[PDB]
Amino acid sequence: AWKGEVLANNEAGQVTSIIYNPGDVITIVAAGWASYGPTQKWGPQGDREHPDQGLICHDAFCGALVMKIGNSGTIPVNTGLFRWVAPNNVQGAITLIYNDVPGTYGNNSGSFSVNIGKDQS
């Protein structure tokens, strides 16, 4: 299992120790408070009012938690994944990432605390 923090201002995100292998079932729980610039903070689902101005993940709000598995495209995590299995032919290390516009992470703040584990399968 893996337990850690994902920094909102980290454009490259956080490569965890979790290698998602074919057939794996995983569970992720994410918590905390982060900002993509404003004084205000949002949780791992991000800001439902802010427009997508070129986000690394277009299927989640600005300020949401997302991930990559190996060299996959971005996949929404939001508050977490419950006994989740990946789409075909997706595998590799899980990288966790705050959803913002590339080049605009510098004014970000806060973090999410995240637990990942493998479930029975």
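Residue numbers here begin at 1 and follow the sequence given. We call the rigid core whatever largest set of C-alpha positions still superposes within 1.5 Å between the two forms.
S.K.: With the rigid core as the fit anchor, does 31 to 39 or 82 to 90 show bigger C-alpha shifts in 9 other deposited structures of this protein?
M.R.: The stretch that sits farther from the shown form in 9 other deposited structures of this protein is 82 to 90.
S.K.: Given the B-factors recorded for C-alpha atoms, which segment has the greater mean, 59 to 67 or 84 to 92?
M.R.: Higher mean C-alpha B-factor: 84 to 92.
S.K.: Look over 19 to 27 and 97 to 105 in the entry and identify the one with the greater average Cα temperature factor.
M.R.: Between 97 to 105 and 19 to 27, it is 97 to 105 that shows the higher mean C-alpha B-factor.
S.K.: For residue 32, does the deposited CA B-factor place it in the lowest, middle or highest third of the chain?
M.R.: According to the entry, residue 32 has a C-alpha B-factor in the chain's lowest third.
S.K.: By its CA B factor, does residue 44 count among the lowest, middle or highest third of the modelled residues in the chain?
M.R.: Its C-alpha B-factor belongs to the lowest third of this chain's values.
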